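When the chains are written out, they are named A, B, C, D, E and F in that same order, and each has its own residue count from 1.
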Amino acid sequence: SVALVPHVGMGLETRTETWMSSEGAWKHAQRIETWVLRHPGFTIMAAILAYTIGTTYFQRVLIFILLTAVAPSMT
Amino acid sequence: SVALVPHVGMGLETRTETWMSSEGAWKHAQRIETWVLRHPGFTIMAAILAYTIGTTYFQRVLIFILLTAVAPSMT
Amino acid sequence: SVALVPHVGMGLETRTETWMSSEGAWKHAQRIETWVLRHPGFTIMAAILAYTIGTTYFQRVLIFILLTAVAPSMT
Amino acid sequence: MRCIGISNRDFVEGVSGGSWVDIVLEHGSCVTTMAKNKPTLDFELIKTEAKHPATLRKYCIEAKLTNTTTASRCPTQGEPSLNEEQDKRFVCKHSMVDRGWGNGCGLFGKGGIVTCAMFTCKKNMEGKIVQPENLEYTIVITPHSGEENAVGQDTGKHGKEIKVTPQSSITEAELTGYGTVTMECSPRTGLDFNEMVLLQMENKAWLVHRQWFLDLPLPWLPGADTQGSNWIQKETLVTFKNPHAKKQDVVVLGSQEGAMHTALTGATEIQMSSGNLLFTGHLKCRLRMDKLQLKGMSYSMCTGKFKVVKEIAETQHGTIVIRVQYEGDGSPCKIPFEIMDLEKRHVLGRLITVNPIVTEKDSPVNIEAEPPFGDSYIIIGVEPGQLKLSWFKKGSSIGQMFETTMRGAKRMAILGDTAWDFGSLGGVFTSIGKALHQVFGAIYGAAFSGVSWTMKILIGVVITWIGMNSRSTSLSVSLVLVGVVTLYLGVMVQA
Amino acid sequence: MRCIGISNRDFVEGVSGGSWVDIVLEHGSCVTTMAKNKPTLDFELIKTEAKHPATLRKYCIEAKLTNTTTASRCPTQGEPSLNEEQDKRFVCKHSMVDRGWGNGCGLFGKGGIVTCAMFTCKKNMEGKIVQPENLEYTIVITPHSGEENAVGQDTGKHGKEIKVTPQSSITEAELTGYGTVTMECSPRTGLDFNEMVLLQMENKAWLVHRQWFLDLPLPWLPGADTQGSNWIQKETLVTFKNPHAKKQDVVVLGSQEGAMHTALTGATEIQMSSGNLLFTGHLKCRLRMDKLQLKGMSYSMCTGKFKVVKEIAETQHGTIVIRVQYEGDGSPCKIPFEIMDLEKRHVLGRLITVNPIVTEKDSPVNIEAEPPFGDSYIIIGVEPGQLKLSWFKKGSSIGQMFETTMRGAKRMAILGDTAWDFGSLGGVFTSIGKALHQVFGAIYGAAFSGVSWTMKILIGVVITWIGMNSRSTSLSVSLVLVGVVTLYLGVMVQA
Amino acid sequence: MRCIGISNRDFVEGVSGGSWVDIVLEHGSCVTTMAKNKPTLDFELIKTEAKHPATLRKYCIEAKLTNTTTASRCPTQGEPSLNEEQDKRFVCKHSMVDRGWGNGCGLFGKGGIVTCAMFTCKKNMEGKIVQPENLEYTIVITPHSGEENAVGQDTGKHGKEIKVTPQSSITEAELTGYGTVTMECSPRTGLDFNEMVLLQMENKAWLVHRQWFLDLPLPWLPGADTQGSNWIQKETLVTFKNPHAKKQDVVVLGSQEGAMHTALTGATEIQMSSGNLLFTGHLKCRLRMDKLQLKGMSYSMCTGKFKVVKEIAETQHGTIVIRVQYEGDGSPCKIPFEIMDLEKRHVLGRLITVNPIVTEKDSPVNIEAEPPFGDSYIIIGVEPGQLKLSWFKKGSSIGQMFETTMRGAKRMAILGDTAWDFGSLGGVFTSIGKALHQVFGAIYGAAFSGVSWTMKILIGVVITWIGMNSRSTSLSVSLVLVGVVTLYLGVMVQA
């Protein structure tokens, strides 16, 4: 759908508030949080996979964050 | 919105074609491809960051793929 | 054009003569020979390149023959 | 003769000591069962009704705002209040606006501002729910009689329709001339209602996950509200805009029907106009063949000529069909059907329409048989006028084995741990496999719920690589197997 | 005095050798400019109009289907043909469906099927473009003048509004009693029109990115179209269903108004109902002070008594405003005004409403000034009856410096290199900074296009960590700076 | 005797237990079958017919463009629009032209341009498919009978014609005086008509590969069109020209008849005007000699003079034919014939026209015999007036073995694994050889599909070199064998 491609990072923003700035500010974070709450099993698997693949704790945390954020996203 | 939670990994799928199965099968891949085409600058930076953060080539490729797939997604 | 992609290697050949078998048997070799006559420069360059990418006279001959045969036939 | 012409036909051969076989019937599929002394039967799950639905939510997809009121107090003076802030049918929000002498306040600060507007629904979705005991499955059983019109027939009276409910789960069907067939089904273990919602849009319906329906980001009503006027998440369908800090107002967000269509990807569509009809899902049944006999087994060979009235045709399963008519005496007689080699020395293929018989002379009968992969000959009749029909099959046994294995894997991917009941006859291997599959499927679903096919492919690739480069050989093999299974599932999902 | 009461107010102090200062005027913000012996004008950009737009493209957000027809082909016999496939206004789709003796074919394979349906649009999402030539700007200039009702009046009274267009580089305003003010504004370097689209949809409009609007996945017409029937990309708004390979159907996929509202997240809203009015963006101007006069210049001092008709009120920007009425002779005189320390030795305050004058005896002039931090003291009138007023200001000079730095950073975040000439007076360091910012901003914008604020924060954290774990101090410091800047931009973005 | 003088003649000698011999009939070839105590028979596949064809696809080989229109849009504002672009019957393209004040647009740059033209087909080639069960093979069986005009008689007056169809696996031909000949053919495993297309352009036809036909880059219509106006890819038959970034145009490419004649280079012609009957291919037949007694065995013998009316003539296969005239009495008698040595002590010939008789005493009789290599004498009649006709073969047994090996190799090249069924009885060696040939041919056809003979020869040379310069003796032998076989196939192909 078109809603999958919003107008967020187009570089045209001004001091005027955008269309749904307040609404659409934290909606992605809220959606990710709800998805992680509803699917704890994938979060555990993503954590384990990040620990296995990552060598340093920085890599592990980054991979865990990326996987958790992409899982609901690619759906 | 509602379009961002599209009843994908809910199970319940039988041997009957689902609603908009053919489109939703590849819509996300098409969207990522279009976003990468329109924003080459971020792709290069993501490649550099993946190369720097990850030691092994598998880690670098995984990080680059996750970053590229999550970049347009965060919307 | 349809003139390219002929009906040659279709596996349907019988004891009966085909549409232009006698005429078309040697046309490819004839036109390759005419091309090599008309363009000695590319043949010499192909020979030099084949010798450079060598390590064996068999490899040299194979590469040279393939290059000379494919040059008159591309685009 | 009804499963012929369906690409999703399955063959079940053999029964257990009790003369029964477990089968799983899917709406878009057909099952043909064969036993040593039993007529060939076709099974199709054609209908699945849901009766007495109850609404639990009435999500709003298109609303409007009518009565916009505003109130601002002063800087330092706290927040304003409107009478409509306590009215549940108004959408309200507080903001801040620059204030000063020009505005008539006299303090030069940010003064609170609140604007409300009455919320009215125009279009809504009704998420009806049906309790699992009101499901009714309709199963058609049609025997391989050989009637001329029975091949591929989808509305003929040759078959018998049996209704299956969670209460009357065990039903019996009288097949004229073939005894009785008893179906012992388990409807309660099919779609698993009480976790699903019947979502109905303006004219289309979907079968959706109840938690997914409850988590939808639209405004909703409890479902028992006759008057509405108490929508819950009104804020999800309006936007409060305060450009700069001078004024605040609210507008509606536009019709959400298209967005809900987009969100409904991955859910199988259903019918809810003339009753809640679900042409999707499966039903597990135990088939009792004990009171099932072949028709006309006490008949003599015809001893006459046959003429092919419909040319031999190959279905997309490896079986062939043909329509022959009898011009001879003793019309109620067995048809001498064989599939042999050129010299008629070996029996190369078998009959699927077992015991073909002519009931009425001037009534063509169409037989189905499974010939061998090479060249074979269909012999119909006896010496005087016997017709010999050459046939060739373009496949091979290796390819057939590969196709059977892939079909079984696809059945497992769809009927997870219920594919182990598809043609079972009891047994210890089947039960152990079913238990192992149940455990592994619970663990797998816990870890892959809510994930799209692309994410499954990514996870499978990662797991496969991890297993590929792993110190432990047992751990390596297990992880590679898990990754390969995940990759196959991701390839096969979202159909 | 229209800026008194605006939270986004900016003070511009000083002019260059040529007596000009270049300012940037943003919508929703206004600039107060003062210089030694100048009338201290307030500038606000109040309107931006677009004229003679061209419709670049049209989109369909709501369509219907009629004349649904279908055709089928027996297996192996090619694909079916419908006459509707010739008309581009029919949405057609090819699939496969099981065929056999039951459904009328002599073969038992997958036969071709084609479904078509007329596609008629119901609602449009027209998008327009304008050249910068038709880009009139409306600016209002208000001399302070301490007029009675001018303290925060936004109605335009007491001020002159000038229209700035690309046709004329020079805009002249004759401020009665104050001389003439010349503006050299660059309307072509503000909002980058001709790479933006004016998107109209159901009595709402938005200013959108041209490429993002051309990439919208909806059916569209060229924009030069007149028949309005040859919609292309109609498949994005339709669905073809073949659940069990028996039949194919078409549905129209519902309205997309809510989906477009969700897609317009991050785009500013504009008025296109009458005249394509914009109220967002900025405008860079060079302001000429040469012909500006002080209205009270050549007046005598007011030797009479004064009274405070409106008590001192502190503004959001550390200034105060008071209203005093003159009760004395020589009515057209200039008010004695001073801000002193508690000991009345030093003049600590700075007057914004410079040269306050009593124009009429019974007219309450209101004066604005900037007191020092602490226990400043305000004196109005001459010794015989002078008003003797005390004031305390809360903040501190260090806090003011921090707030100023944050305001400059936020201006550099809202504006790019354009923030460098906001209060610039020629200057070589200003030019160097602007050029460096242009290069760095080009690189940063190329590297961060199409990214949300959460992604920017993630990338900033990653870059800061990389810099912190860098072995080279120079690279480490540069990476830490880049990460901190990215974190700030992510925190401040999407407003 | 129809088979004498063809140059593609195969002698099948003997039968198995059961009195059946396998043979393959080729259209250009012919088979003469000899068995002990049975008449010599000639078999010729003279006609293959396809009935009830279905048109798969129609291609356009000549077209004309008319109604050419063009629209242009101003630069940087959208695309141009044409009403004709609504109709798929028009061929349309979009390009960019230079625009400016000279062209009538306000601004300069690349403006969009669209050119339209109506595409009308003038000449088309049609592709028709036939189901294998709709094929009819016409075999002519002609007993030798030594008739006057039976030698090389293409009229078929003396022979009997039998039609072989998939409907009946057994074809019976009653040869007057010779009993009945039973053939069990396989017109399903010969030419694979499910993969082939019957293509005609205009008074010409070819038998082409179905996929190659579907891959032809020409504008085409489905076989079910019925309008002949909505051609799929018209762009292949037209070209749009924009020589100097202005004034885009479109022209038609011209008749593709010659290009298609070149494309059909390796196909085989057929007839399509008078019932699409194709004289190419082969038919595998099982010939049964159970009921084929010799003619005229009750006659005693000829006691009278014989005069040679046509001198002995050598045949291309080493058989001699002589026509004699009976001058004596007892008209229906047996001709005393034998090939003996000079001393007439050893019998050294082999009569092919077995049991040569004279029926009318005025009609000459034609006798075919196989003499040995070297000197031999033909003895005609009884001693009074006996004819002793010498002959010299002028060959060699070793050379004959070499020729037989070459003929078998060339039949393997043409027939693939079907060559093992030629003159084959039921044998284990033949079965194993055919199975191995099937496997090797399955690999080889996959490896060498779509390549020309020159490519086959190059690959064979490469493989032979790789094999011969290999350290392994087994790999060397295997690769050399594969290379030699590939070289032989490349030399023997393209006919």
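Criterion: a contact is a pair of C-beta atoms (placed from the backbone, for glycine too) under 8 Å apart; a residue touches a chain by one contact, two chains touch by 3 or more.
The chain list, named the UniProt way, goes like this: D, E, F = Genome polyprotein.
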Closest chain to the protein CA centroid? B
How big is the gap, in whole Å, between where the Cα atoms of chain B centre and where those of chain F (Genome polyprotein) centre? 56
On a C-alpha centroid basis, what's the spacing between chain B and chain E (Genome polyprotein), in Å? 32
In whole angstrom, how far does the Cα centroid of chain D (Genome polyprotein) sit from the Cα centroid of chain F (Genome polyprotein)? 51
Multi-partner residues in chain C (2 or more other chains touched) are none
Give me the residues of chain E (Genome polyprotein) that touch two or more other chains. 8, 27-29, 106-107, 215, 239, 241, 243-244, 256, 258-262, 265, 269, 279-280, 445, 448-452, 454-455, 462
Spell out all pairs of chains that touch, sorted by label. A-B, A-D, A-E, B-D, B-E, C-F, D-E, D-F, E-F
Which of the residues in chain E (Genome polyprotein) end up touching chain B in this complex? 211, 215, 239-244, 258-259, 262, 265, 445-452, 454-455, 459, 462-463, 466
Residues on chain F (Genome polyprotein) engaged by chain C in the complex (per definition of touch): 8, 26-29, 191, 196, 206-209, 212, 215-218, 256, 258-269, 279-282, 414, 445, 448-454, 458, 462, 465, 493-495
Chain D (Genome polyprotein) residues touching chain E (Genome polyprotein) in their complex are 2, 4-8, 27-28, 61-62, 98-103, 106-110, 151-154, 201, 204, 239, 241, 243-246, 251, 253-262, 268-269, 279-280, 310-311, 313-316, 321, 366
Which positions of chain A touch chain E (Genome polyprotein) when the two form their complex? 1-21, 23-25, 28-29, 58, 62, 65
In the complex, the residues of chain B that touch chain A are 1, 3-6, 8-9, 27-28, 31, 35, 53-56, 58-59, 62-63, 66-67, 69-70, 72-75
